[PDB]
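Below, read A as the first sequence line, B as the second, and so on, with proteins coming before strands; counting in each chain starts at 1. When reading the values below, keep in mind they use all heavy atoms of this one structure, side chains included, and skip hydrogens, waters and symmetry mates.
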Amino acid sequence: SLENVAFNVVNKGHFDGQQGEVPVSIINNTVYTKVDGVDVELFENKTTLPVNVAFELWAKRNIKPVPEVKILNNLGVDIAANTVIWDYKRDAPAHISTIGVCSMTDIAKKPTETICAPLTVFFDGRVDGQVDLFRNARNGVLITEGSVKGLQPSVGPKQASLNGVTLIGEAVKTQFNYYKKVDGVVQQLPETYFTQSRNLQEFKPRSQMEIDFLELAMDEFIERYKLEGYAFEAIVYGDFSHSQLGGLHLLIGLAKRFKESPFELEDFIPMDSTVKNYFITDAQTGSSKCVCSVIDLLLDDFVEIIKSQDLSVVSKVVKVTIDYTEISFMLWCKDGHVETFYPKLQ
Amino acid sequence: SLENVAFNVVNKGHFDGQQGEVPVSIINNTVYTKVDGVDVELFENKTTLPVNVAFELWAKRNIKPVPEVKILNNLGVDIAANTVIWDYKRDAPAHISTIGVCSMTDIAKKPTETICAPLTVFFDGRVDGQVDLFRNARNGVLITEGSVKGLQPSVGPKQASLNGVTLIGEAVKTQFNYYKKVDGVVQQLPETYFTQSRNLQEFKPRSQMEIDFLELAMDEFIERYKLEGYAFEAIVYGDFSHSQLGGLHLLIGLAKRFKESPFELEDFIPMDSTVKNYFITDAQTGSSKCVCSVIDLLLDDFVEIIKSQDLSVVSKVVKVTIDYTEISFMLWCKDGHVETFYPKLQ
Amino acid sequence: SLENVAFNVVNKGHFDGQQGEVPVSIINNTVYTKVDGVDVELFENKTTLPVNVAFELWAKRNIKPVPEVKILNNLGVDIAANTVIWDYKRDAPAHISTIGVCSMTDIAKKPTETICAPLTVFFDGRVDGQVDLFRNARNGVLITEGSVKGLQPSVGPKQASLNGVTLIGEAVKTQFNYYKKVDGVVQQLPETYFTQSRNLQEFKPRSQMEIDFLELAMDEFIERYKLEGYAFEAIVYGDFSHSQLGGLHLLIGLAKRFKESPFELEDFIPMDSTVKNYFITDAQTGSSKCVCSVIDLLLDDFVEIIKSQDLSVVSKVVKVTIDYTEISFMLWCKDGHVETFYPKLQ
Amino acid sequence: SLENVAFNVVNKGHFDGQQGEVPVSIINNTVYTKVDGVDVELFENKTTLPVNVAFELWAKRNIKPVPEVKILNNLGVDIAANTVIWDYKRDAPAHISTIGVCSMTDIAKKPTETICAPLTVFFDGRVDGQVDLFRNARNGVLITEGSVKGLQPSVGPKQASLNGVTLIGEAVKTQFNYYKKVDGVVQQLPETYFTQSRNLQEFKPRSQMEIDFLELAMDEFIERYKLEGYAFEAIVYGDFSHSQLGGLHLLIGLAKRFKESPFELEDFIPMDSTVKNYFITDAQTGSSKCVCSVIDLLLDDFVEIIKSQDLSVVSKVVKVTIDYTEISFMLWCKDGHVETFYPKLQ
Amino acid sequence: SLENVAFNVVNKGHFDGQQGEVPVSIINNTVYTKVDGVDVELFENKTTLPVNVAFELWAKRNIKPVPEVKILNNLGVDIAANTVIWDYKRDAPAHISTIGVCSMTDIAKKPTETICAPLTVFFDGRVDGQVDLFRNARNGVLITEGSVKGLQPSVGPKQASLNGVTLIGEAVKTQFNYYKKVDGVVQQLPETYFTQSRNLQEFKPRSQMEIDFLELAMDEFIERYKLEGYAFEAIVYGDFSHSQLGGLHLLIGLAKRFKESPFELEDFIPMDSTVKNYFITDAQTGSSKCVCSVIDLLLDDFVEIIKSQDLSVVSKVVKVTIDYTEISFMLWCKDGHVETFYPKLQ
RNA sequence: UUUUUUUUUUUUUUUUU
RNA sequence: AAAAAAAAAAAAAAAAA
């Protein structure tokens, strides 16, 4: 019920299954409630769904730590079992359909129905009975905080999303063990690097090499870590000396530049992905690049990736498995040295 | 509940207080429900109220024969007790607020509360307990199908509105006795004429004089009923010889002209009122008047009204009480005969 | 392309695959095009889909005689192969998804993909290669104007829908052979009666018995056809003596009453179905019923159905296969004669 | 007039009653004006009112220091006399109706009419003649910058709202004397505490003990002010060790935690109230509480309140009058020391 | 095409003339594209134009450094030749019509057509062939990065707008030479000062005098630069002692105040102009002025302007050519010293 | 195959510095 | 010597057709 959902939102912050109703008015893709005689905005519809449907899906969103939407997209998750994963990047549900959540978006009441067999249903092992549901599911992805009997786990990212906040949990557990089944067979998930899902304005280093990068100059950091000949001066630090921006494909370099000279990052595809494309304009020098692909790889991981390459190649498309998906990089070596190594995904 | 109201609408045609819910989607001021997987329109909001509020009020509208909205407006009715009077002319509720109907529009749960004391509340005597409520009400209007002990009745119009259809009931009773209280005192409603609330394209005579008017010509009808000197050729029949349309202030004359030559009626204030103003354009001769006051009086009643006037006055404003309200007519006469007689101020 | 689709609409009335573009402006859920410098309305979106998606689907609607939407609904058709069936009752596409029509609504490019196997795909044998496509389909419905090798046909209704006009074709063939496959097995479609899909204001009899019903009085027609004891006075002709309308469950009776006393038909679920529920208000007597189940069976077929029943049962659920679906009727009889006969559950 | 209101907005920043007009276009709940041939957004309607009505009310808003909307709500104010109080928290007018401001929302021209008698009309003593209007008003609230002859004053909060900015005025007077009349009797307003209406990101201490709280650690501040046994470690400082966040019911503690590690405050009821409920998510540890009641009391005032309670009770509901309204707290104690103290019912 | 424009946006960040289409849905004045099965917002319309037209104009905007919109407005530019100048202040195209850009907004395909002759067409000398187009244009404005044969250049502002960012270019050239033709005659543009187009929260001094103003106190700066008698205590620094704010007509003084005490700036006309008018409310002292004219002149330039005035006049209107337009300053003096100096008509 | 594309360098052209 | 506008080239791919 719309009014029951609004009652739950106003009295508990989200849908908690409580009984009750409040006066609700819907106008201009917005849900209002009457508190002491005046209408108060409860929800503004930023989705393509009907305002009431999107409102009830938002109220019933998962408020526990959940995998980042990019991780679920890379695993081919099409739907979530008895829960709503909210995509805070898009301000919309991460999946078009639901299972036992919303009568308007439900394709089934349980993930065991025939309609859910072709779909990769996301199962949460923290919910009672969902591990057994995944065991019987033809296609699905299961996340657990611990071990599963008879199943080899895949250790995922250290961080997860909690109410739109990507964090490495201390009071709560955000590291999950990932399992996948395709056509009823448990797949072995490849060894992967994981993006750190950090922000430009609140960037915090997570390794000693990152601290050195943030505090040392270009020359000292490159000399200290023996990173000569891999074009770190352009790939990471960026070249703000021409009309077209050069490099800057690591968010750590973007944050380092933003610390001294804040710039603009136009996100023309506002979603959650392993590789993000930005229309970046440098407000200090005027350097701009219409498409700058930025990947939030740990600097140690990127160093290992770029040092694992073969430098004696004119040009090569390099496949790196990041966030459980194959990210293709455009290696551009020349005369035995790297000239450019940027993420080309998205 | 929105879903329960929609369930009642799809299973009973209107809100009947049944339990159950159906999936509902709201978009573009329209209520949809999903029948067999496809969205089906249930309600298009044509009011200034929020779409869900207007949908709930429309579903809970009175489906019994009710007084025409113009009658209630002339009686000063400000609100209805535990019911919704739907104004089908405006496709909106007849009153801004409700009593114990919709949480968003309610000012009280019962008409006995102090908020409803100053307002003139409409009480329906066919609903159990409403006569006693009207007895204790400070201001109110009561309609009953029969007599009320200690209250002298006021016989109202023969016709009443049934689901937007104005009809004289045969299988159902559409004639009510009207009782009004102002400041706790049972008022005496004046003796009034009543408009027939007929349509131009569905006009049906309700008297022998009207039949003769429709079938007999101008001169024959005027001579037969001794209507010389009252300017019936212009006031009722209408003048189409000049670019500015003359007379045509009775719906019977408009019906007679429409029978021979259809014209255009631009209702620039589409509401229910005793006197209606139209932008008439004659498609045959090109005669047009921007404001033409048309009143749907019985032809016998109008003849009696015009014959009860004093003809020895050049200009005189005639006050006629029609539909429980005083309608002002401007009477122009010369040489002891009527020259012009239409509702004044147009 | 939106502009190419609008170009096809303005130059051919619909999408014909022609090349060219016209200026298009979208505002207020409406598509406009610029003709001689002024904006002209091309399409108003009455669906729940985005205006551009609905416009593109409407342009690519099937303009050939197609089965009525109720027939495809009863056959369980979930999607159409490389065509759009437009539901003119709802002014919306008959199916939420498409196959190789609209990138926004397409789930596949061809009906053979794995996503279309669980669905019942509608195939039109008048399009080359669709019969073999149906032969390869796990679930599907095929209509043909002629015979199909190795398949036993099921003769459908004499009428079909042509641009929203339900007609029995003379210049074109509107009678189709129906074939159904469920889980790869050709099904034997049941022997069915077919509704005539006639209108109240444009009702035309299709049999001599219907002619007699329309012209003869109640008693003369009942005595002529030996229809005594089947309560034809109530079920078909209808009863308007009480405030609650009785009977009026056959569209021919509604048409006969409308011929003499026009009344209001409130379609509170405006969609295409074998049984239609109306909020009928008799404008002459005031009799009204909130839910009136009206089925447009041929009068001869309904007479055969009512005479094929066993009269010596108090209450019995009567199952009739109409329009390829089972319609359940309420049969109340007393003293070996019918008292009421209406579609159950209304 | 809409054009005159827009003229006043573009030439003076608000409605000043000047004469003149500017071109105005209304589209998508937005008011535009044409400046040198290009449309400029003047107002976006975030209210449930019509766009032009909300625009006129926003132009005619009070630009003088006015009491905070929570103070007026706690005093029972339903309407303001000849002025508009703008609720900047909701971006909407604080009251549904007006007195002599907007013809669309006016219920009267002057507060002396009968309709305003049952309502608690807000009067401003800084406007000439409103003190006498309050004297003759049945129900009303009067604010003055000085003394009123014969009326005992209630000193209000030091801060007031000035164009949506809450401040303690230096060049302007923001402290008002409050008077209330209920049913014609001048009420004695209770002695109350007042919330400081401070922000999280712009928190500024207003007392020495607040400064000590912000600079000193938990143990030092607790020991210095003899606050052992009042559970200040959880109530104010907050506990972030478990998944469910504990305490953090004073805005000063939230500000202290924000100064070190920023977190997210989801205000699911964005209005002005003495007690605010937030969906709190700690971005550093992962602690989260769906509903966290935060009250912005002076730390000295809160310490006095907590020291005025009786500690020898297991569970007790504490009634504290704050911002002219009774705020209820749960007081849980064990072994003669406080275990929990939060506003009741959250 | 809408789909091609969206494909260009998602693949290159802007319209680059690529071939290809993506699925697009338009709803609620917003453009969405489907990426991996979920709708992603691409553009939200804040213009008065249709959503698709505004989306096409925004995608085809100029992404190279361009003159600020105020400069083009002061030059009388009505339209741009084969390009879209985006007004990021209004989030709308700077000009109503286009030339060979969008079919819905085009008045011509080339600037040589007769319709463009009366209009001042903006030409970009960096685009090939536009200098010759300006040479044959009746009315136009040409900007070049270098010399033009036979034409005397007018050196413009050092800064330009790049993707909505105003900057003095280092990697790009932001200083242009301005040429204007009126009725086919090359005009000599007046010698003018230029506003620095700085922001309050990101103010950076561009001269030694500005540095001294920001660091030194008011008295020290006034004494050092011999600025006694020019009322710099009010005009630049501002007065906050009274309820009405005094002076504060230079953005540098507003920035100095914002550094020590952040306040509110209500931009009630959000557009680009040489003189900006703000509703400034001081959060610390409570001083507010409904309309405050603020001009972003270099402090050295303003000092030269105020020292070039004739002090022996009581009231005098000063005409200053700033940003190629004549800004009217109101000068009040007493006893041979400046009392007040603000742009007139506020 | 075709056409277009890809946040590398390289020439060639061209203006303007 | 640049710079930028306009081409082409080396290379690995991505489509679609």
Next on the checklist: Going by salt bridge (charged side-chain N to carboxylate O under 4.0 Å, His left out), name the residues that satisfy it together with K181(E), two or more places apart in sequence or in a different chain.
Outcome noted: none
Could you go over nucleotides 5-8 of chain G and give all protein N or O partners under 3.5 Å, atom names and distances?
{"from": "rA5(G)", "atom 1": "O2'", "to": "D128(E)", "atom 2": "OD2", "distance (Å)": "2.8"}

Checklist entry - Who passes salt bridge (charged side-chain N to carboxylate O under 4.0 Å, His left out) against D282(A), sequence neighbours left out? => result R257(A)
Checklist entry - In a check of side chain to side chain donor-acceptor pair (under 3.5 Å) between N74(A) and each of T321(A), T192(A), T274(A), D323(A), which one passes? => result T274(A)
Checklist entry - Contacts to RNA chain F from residues 151-160 of chain E, heavy-atom cutoff under 4.0 Å, which residues? => result none
Next on the checklist: Just to be sure I understand the geometry, which residues of residues 307-334 of chain A put a non-hydrogen atom under 4.0 Å away from RNA chain F?
Outcome noted: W332(A), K334(A)
Checklist entry - Can you find a side chain N or O atom of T144(E) that sits less than 4.0 Å from OP1 or OP2 on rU16(F)? => result no
Next on the checklist: OP1 or OP2 of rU5(F) versus the side-chain N and O atoms of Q18(E): is any pair under 4.0 Å?
Outcome noted: yes
Checklist entry - Tell me, which pairs form a ring pair (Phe, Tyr, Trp, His ring centres under 6.0 Å) where one or both residues lie in residues 144-173 of chain E, sequence neighbours left out? => result none
Next on the checklist: Classify the ring geometry of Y237(A) against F221(A): parallel below 30°, tilted from 30° to 60°, perpendicular beyond 60°.
Outcome noted: perpendicular
Item to check | Bracket string, RNA chain F, 5' to 3' - pairs by Watson-Crick or G-U geometry under 3.5 Å, | interstrand | outcome: ||||||.||||||.|||
Checklist entry - Where along residues 286-305 of chain A does a heavy atom fall under 4.0 Å from RNA chain F? => result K289(A), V291(A), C292(A), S293(A)
Item to check | Within residues 152-166 of chain E or reaching into it, pairs that qualify as side-chain hydrogen bond (donor to acceptor under 3.5 Å, both in side chains) - sequence neighbours excluded | outcome: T281(A)-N163(E), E68(E)-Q159(E), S154(E)-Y324(E), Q159(E)-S197(E)
Item to check | salt bridge (charged side-chain N to carboxylate O under 4.0 Å, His left out) partners for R206(E), two or more places apart | outcome: none
List the atom pairs, with distances to 0.1 Å, where a side-chain N or O of residues 327-340 of chain A and a protein N or O form a donor-acceptor pair under 3.5 Å, not counting sequence neighbours.
{"from": "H337(A)", "atom 1": "ND1", "to": "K334(A)", "atom 2": "O", "distance (Å)": "3.0"}
{"from": "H337(A)", "atom 1": "NE2", "to": "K334(A)", "atom 2": "O", "distance (Å)": "3.4"}

Item to check | Non-neighbouring partners of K64(E) that pass salt bridge (charged side-chain N to carboxylate O under 4.0 Å, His left out), sequence neighbours left out | outcome: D124(E)
